[PDB]
Amino acid sequence: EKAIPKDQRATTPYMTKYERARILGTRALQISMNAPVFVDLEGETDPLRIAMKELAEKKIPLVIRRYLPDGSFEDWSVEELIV
Amino acid sequence: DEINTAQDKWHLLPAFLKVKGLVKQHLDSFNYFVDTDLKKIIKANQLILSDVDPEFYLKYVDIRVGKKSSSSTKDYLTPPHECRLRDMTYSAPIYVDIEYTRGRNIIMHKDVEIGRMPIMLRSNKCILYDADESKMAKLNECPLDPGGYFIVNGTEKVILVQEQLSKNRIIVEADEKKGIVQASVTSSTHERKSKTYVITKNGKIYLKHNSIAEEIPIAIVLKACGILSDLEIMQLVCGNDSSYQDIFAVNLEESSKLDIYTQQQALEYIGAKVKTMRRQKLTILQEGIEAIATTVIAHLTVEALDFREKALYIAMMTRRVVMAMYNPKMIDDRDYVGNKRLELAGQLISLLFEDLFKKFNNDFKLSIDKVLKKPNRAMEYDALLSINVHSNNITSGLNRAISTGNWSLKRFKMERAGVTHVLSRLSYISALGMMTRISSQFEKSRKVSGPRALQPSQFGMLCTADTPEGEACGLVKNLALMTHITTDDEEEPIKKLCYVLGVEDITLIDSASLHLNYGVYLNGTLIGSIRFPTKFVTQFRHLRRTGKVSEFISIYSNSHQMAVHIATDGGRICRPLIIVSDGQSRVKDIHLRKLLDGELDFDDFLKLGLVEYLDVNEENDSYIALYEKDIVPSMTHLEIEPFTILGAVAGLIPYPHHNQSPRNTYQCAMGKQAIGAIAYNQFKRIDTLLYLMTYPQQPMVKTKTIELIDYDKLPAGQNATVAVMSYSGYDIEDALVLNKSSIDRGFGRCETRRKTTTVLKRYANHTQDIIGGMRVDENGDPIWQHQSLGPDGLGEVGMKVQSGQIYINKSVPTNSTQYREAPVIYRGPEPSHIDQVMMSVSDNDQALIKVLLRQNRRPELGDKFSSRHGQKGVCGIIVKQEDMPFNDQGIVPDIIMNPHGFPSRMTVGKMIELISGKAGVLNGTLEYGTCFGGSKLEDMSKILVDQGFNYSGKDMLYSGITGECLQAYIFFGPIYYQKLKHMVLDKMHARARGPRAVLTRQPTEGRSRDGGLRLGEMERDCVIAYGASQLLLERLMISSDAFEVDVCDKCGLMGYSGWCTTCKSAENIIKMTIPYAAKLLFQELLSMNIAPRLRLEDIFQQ
Amino acid sequence: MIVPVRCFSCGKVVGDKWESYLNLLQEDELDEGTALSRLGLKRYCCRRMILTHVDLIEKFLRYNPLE
Amino acid sequence: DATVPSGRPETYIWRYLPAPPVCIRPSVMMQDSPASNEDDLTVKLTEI
Ligand SMILES: [Zn+2]
Ligand SMILES: [Zn+2]
């Protein structure tokens, strides 16, 4: 259990398909639990579509924690992970 | 116009079916049973005796079914349709005459009843025998019903034809890797059925028997069977052949390797291993046990001091094993139709009755003993009361065996199921093809396709196309159109005739010359050698043709194995063939003229030797001509009609020889599911399920079989105007385009009729159910659930019943005074109508209620249609008539068949059918698509051109949506279409939450029980391969069975209510969600004492 | 069962032709084709409606339950 | 492993039979007779 500093991160700087699906699901679950949103809904009422809009604007406030097989991890905010 | 025999010889087929129908296997077998086998069973168990009172013998002198000698006329039977309505067995009493002695030296007869025999429909004993459709109407029976099945408890049960290996015949079968050669004979005598193997082990031939404890050296057995010279053993199993003698010398030497032997010594060696006989007659364990050891070794009963027959049988079997050892491919093929025998309903019922009669007689003897076992007051008066009360066991056993299909025969000691099946009433052809069905023997090692393969030897014996899909494929076979199943003929006069014809008996000949001439066999048993075997065979066939020997006796000469075989047993499949003599066919059209005139029926063609039955083995020697135009002098027989190779069901297909064969098999499956007309009394019937087409049409292109089997009288389908073109894009991958307003006018319309049966049963506390009801609300208005009920509490006839409404108001006593409600609710997605309510009583006195619910169905998207060529497909779109393309006359298709279904399926018969039907409607005539024949395509083209249409059936059409001429000519005309029973209305199912299993807490498994759709291991694999973990959790745990268990963190054992109940703390109890299946698994493991302790850890804390 | 009122395809009324077609076949016996053309059934769909119809109602009426 | 109780090798010998919860072996209502019917495991343990 040790956090690898943001300076030296070995994993991909690209959001994987699994990370995107999980981020959307988690953010949509949060929104369905009445979490505040950071985009203009424009008539949207569905949490998954709201979360897709937030991902398109890179405004989802979540962090990906990528555990290496040795036990260490590194944190990638959703904004910095490039899609 | 003079008869042309090259085309009028097919009339032998209608003449044949006029006297030997499609359901004749069943009818003949049941007639033979009730006419000879009952007498044979009675004679076998003629007397039943008791140990005490030798001045007492109870005799069985005569038996009969359905008729007393008090009245000349037969007994009154309840009509079969009345039995169908009241849920009774259609049965006749079993009358016997009894000689039971009185005490004061009195001998007398009687006519007593010992039960009821279920009567096969249209048998000798059936009331429907010889009724002329006016008696049929009065009896509420369809004249086109096949018969051949039973009605037990109101259910139509057919005893399916069973196919088994020939009994009492040797099958040689080699092997690879193992390198054994095994010859086995199944000796099925009347009292015993045993298998006598002749194995090969370490290069040495052995004998293996179930009774014998050890496999015996073969030379020991040949010595035990009187063949001790040890040189003739070589002359019996090898003859003069350097190879065979070399192979067998090892066993010859192993005879002495133990010791030198005499006959009695070998008998003692045999007898030292005969296991036991349940410790009875124990004083016989000596050399005197070999006798029953050897007379149990096969089906050849030796009852004297001669072992010639059995010794030569064993020697021939050993020779077969040796020939297989030297030259493989000299083994028998287990899937050859000559090696198969078909056992029938009569033989089945005979075995069943004999066993039930033995049990009846045992119990009756014991009851007699109990009655006469008193010191005083032992008057003989009325010894028959115990027969008046024990007679119900015969009736019960027969009914139970036919009803369940389970046959518990103790004498032969086998428990077989599936003997009887419910008569499928999906369609007229469905019932007909249910008859003529043959189920293959079990334990076939279904992993392989050996028996599943279609055999060339089934040509004209079993239908080449009528085999099911799914698991059963070749395991279920159907009789071909013109066949016959032989009957057991006595082998004694035939053996005498063989001796007369030049066969020197098997006891006059020496071993050296045994394999120098052909040996004559009789049911597989060698009965002598013959000089000039071909002349012997020819004289035997002349005797059969002139009527001196029975016509079902087959003779054939095998040339590799130098033998002349004569078969007399039943269960052989055979078909009539026209005899060809001197290069000429013997029918020559004068007999055809007489046949068409009315005299000279088919059996006269046998009584004059113009036709004869050939079984499969005789065809091994014949040389059959398909047509008279290709007879050569070397030929022996002529086909009566080559399309008879297809059965009844495959005879619906028009032009089946222009289709790829899987399409013909698919049509055999689909035609049985076609919705149409069931019977002329189909509205008097009250059946569990019945699909009826409103406006059945007979096909425009029929075949000879269709009119032979009367499918043109109860057709299942309609002649759809079909345009074969790509259209709208909803007709891709077999989907159909249906014309709205063809549907509006009644195309494809059908109704469902369903039956619900209730019994107002009676109870031990002098109580019974009631149908009280039809309660109202304050106004006096019936409540909604009783809206269509009527005063009696049984839904009114004619009224609509919706989902939730009651149509039988059944109240059950709360103490079976007070009546708990058990109403019969209609639970249907769509409303039904009540068209029949039948009130009646069953045989056991109690009221029976049947309510028939009818549901008119209109074709919709997803309804299934088929065109007799295996081109099924659902309705994919229903379009308005104006959107359909139209021709110059404004004709629009009722259906649009996509053209992409043709190039890969290669059903050219469907195109030929379209053209034939089109020319047929234009000309005013129904056309023919008979196999290997039918209406010629060029003649149909001539009709089309003469009527103004293109010869190829391609009309120029206008688009319905644009009005422009389509740039391609469209294949356009009538095609016969069947609406299949599979309607999306009965398939649509959706479950959100509903019943769960009490054990697993998982959604039920039944579409009727609102069950959920299983997510199996392969779907689980797919979801894992997607890497959808949360979806895995949601589908498997959360939305199937999520259980909030309490888990102790000290002991990994589930508690309850936050209570460890092993630590008794409530301190370490964690709350978590696991599948209830997992909770169940843990509680089951704890049962076996296994403790699957769960170790937990915080999800967080990193 | 009983003859359809309308041709399934064109919608032409063919239900008034069944008895007259039967009469043309039985009395003053003609071919089926000529009998069909004499009734005005020119389109082959209309000809089919009469030529292929099976009159099962006459058989079903032999089992009259209210005799 | 003999650190914990039941790690003894004598526990693998049937000396006490645990009777499973009736939920594991449920009794089905209204089967055949009006009298309630039981199931196989329960019948077997009654014999035991
Ligand atoms: Zn605990
Ligand atoms: Zn028309």
# chains A, B, ... in the order shown; residues from 1 in each chain; ligands from 1
>>> residues_around(residues="region 9-18 of chain D", least_positions_apart="2", cutoff="8 Å", atoms="only C-alpha atoms", output="VMD selection string")
(chain B and resid 1086 to 1089) or (chain D and resid 6 to 7 20)
>>> residues_near_ligand(ligand="ligand 2", cutoff="9 Å", atoms="only C-alpha atoms and all ligand atoms", output="count of residues only")
21
>>> closest_residue(among="B:1030, B:1049, B:486, B:359", to="chain A", atoms="only C-alpha atoms")
B:1030
>>> atom_distance(atom1="CA of residue 931 (chain B)", atom2="CA of residue 655 (chain B)")
5.5 Å
>>> select_by_dssp(residues="region 656-868 of chain B", states="alpha helix (DSSP H)", output="PyMOL selection string")
chain B and resi 661-671+704-708
>>> atom_distance(atom1="CA of residue 238 (chain B)", atom2="CA of residue 215 (chain B)")
21.6 Å
>>> residues_near_ligand(ligand="ligand 1", cutoff="12 Å", atoms="only C-alpha atoms and all ligand atoms", output="PyMOL selection string")
chain B and resi 1046-1056+1058-1070+1093-1095
>>> write_last_selection(atoms="N, CA and C atoms", output="CSV table (one decimal), in the first residue's frame")
chain,number,residue,atom,x,y,z
B,1046,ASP,N,-26.5,-12.2,8.0
B,1046,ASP,CA,-25.6,-11.7,9.1
B,1046,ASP,C,-24.5,-12.7,9.3
B,1047,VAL,N,-23.3,-12.2,9.2
B,1047,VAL,CA,-22.1,-13.0,9.2
B,1047,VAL,C,-21.2,-12.6,10.4
B,1048,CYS,N,-20.9,-13.6,11.2
B,1048,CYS,CA,-20.0,-13.4,12.4
B,1048,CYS,C,-18.6,-13.2,11.9
B,1049,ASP,N,-17.9,-12.3,12.5
B,1049,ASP,CA,-16.5,-12.0,12.1
B,1049,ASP,C,-15.5,-12.9,12.9
B,1050,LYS,N,-16.0,-13.6,14.0
B,1050,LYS,CA,-15.1,-14.5,14.7
B,1050,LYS,C,-15.2,-15.9,14.1
B,1051,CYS,N,-16.4,-16.5,14.1
B,1051,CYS,CA,-16.7,-17.7,13.3
B,1051,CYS,C,-17.3,-17.3,12.0
B,1052,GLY,N,-16.8,-17.9,10.9
B,1052,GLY,CA,-17.3,-17.5,9.6
B,1052,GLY,C,-18.6,-18.2,9.3
B,1053,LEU,N,-19.5,-18.1,10.3
B,1053,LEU,CA,-20.8,-18.8,10.2
B,1053,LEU,C,-21.9,-17.8,10.2
B,1054,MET,N,-22.9,-18.0,9.3
B,1054,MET,CA,-24.0,-17.1,9.2
B,1054,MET,C,-24.9,-17.3,10.5
B,1055,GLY,N,-25.4,-16.2,11.0
B,1055,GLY,CA,-26.2,-16.2,12.2
B,1055,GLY,C,-27.7,-15.9,11.9
B,1056,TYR,N,-28.3,-15.0,12.7
B,1056,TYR,CA,-29.6,-14.5,12.4
B,1056,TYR,C,-29.9,-13.4,13.4
B,1058,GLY,N,-28.7,-10.6,13.8
B,1058,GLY,CA,-27.5,-10.1,14.4
B,1058,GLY,C,-27.1,-10.9,15.6
B,1059,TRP,N,-27.1,-12.2,15.5
B,1059,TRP,CA,-26.9,-13.1,16.7
B,1059,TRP,C,-26.0,-14.2,16.2
B,1060,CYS,N,-24.8,-14.3,16.7
B,1060,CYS,CA,-23.9,-15.3,16.1
B,1060,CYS,C,-24.3,-16.8,16.4
B,1061,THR,N,-25.1,-17.0,17.5
B,1061,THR,CA,-25.7,-18.2,17.9
B,1061,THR,C,-24.7,-19.4,18.0
B,1062,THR,N,-23.4,-19.1,17.9
B,1062,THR,CA,-22.3,-19.9,18.3
B,1062,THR,C,-21.4,-19.2,19.2
B,1063,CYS,N,-21.1,-17.9,19.0
B,1063,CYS,CA,-20.5,-17.1,20.0
B,1063,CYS,C,-21.5,-16.5,20.9
B,1064,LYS,N,-22.8,-16.4,20.5
B,1064,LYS,CA,-23.8,-15.8,21.3
B,1064,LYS,C,-23.5,-14.5,21.9
B,1065,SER,N,-23.0,-13.6,21.0
B,1065,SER,CA,-22.4,-12.3,21.3
B,1065,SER,C,-23.2,-11.2,20.8
B,1066,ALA,N,-23.5,-11.2,19.5
B,1066,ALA,CA,-24.0,-10.0,18.7
B,1066,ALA,C,-22.9,-9.0,18.6
B,1067,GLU,N,-21.7,-9.3,18.9
B,1067,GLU,CA,-20.6,-8.3,18.8
B,1067,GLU,C,-20.0,-8.3,17.4
B,1068,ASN,N,-19.6,-9.5,16.9
B,1068,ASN,CA,-18.9,-9.7,15.7
B,1068,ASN,C,-19.8,-9.9,14.5
B,1069,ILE,N,-21.1,-9.6,14.6
B,1069,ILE,CA,-22.0,-9.9,13.5
B,1069,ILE,C,-21.9,-8.7,12.5
B,1070,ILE,N,-21.4,-9.1,11.3
B,1070,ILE,CA,-21.4,-8.2,10.2
B,1070,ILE,C,-22.7,-8.4,9.3
B,1093,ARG,N,-16.3,-21.6,6.7
B,1093,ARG,CA,-16.2,-20.4,7.4
B,1093,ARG,C,-15.8,-19.2,6.6
B,1094,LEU,N,-16.5,-18.1,6.6
B,1094,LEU,CA,-16.2,-17.0,5.8
B,1094,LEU,C,-15.3,-16.0,6.6
B,1095,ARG,N,-14.2,-15.6,5.9
B,1095,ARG,CA,-13.3,-14.6,6.5
B,1095,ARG,C,-13.6,-13.3,5.8
>>> residues_around(residues="region 51-64 of chain A", least_positions_apart="2", cutoff="9 Å", atoms="only C-alpha atoms", output="PyMOL selection string")
chain A and resi 19-20+23-28+31+37-41+46-49+66+74-81
>>> closest_residue(among="D:46, D:33, D:3, D:8", to="chain B", atoms="only C-alpha atoms")
D:33
>>> select_by_dssp(residues="region 435-613 of chain B", states="strand (DSSP E or B)", output="NGL selection string")
:B and (437-440 or 462 or 476-479 or 484-485 or 504 or 518-522 or 525-530 or 554-558 or 563-567 or 573-581 or 584-585 or 611-613)
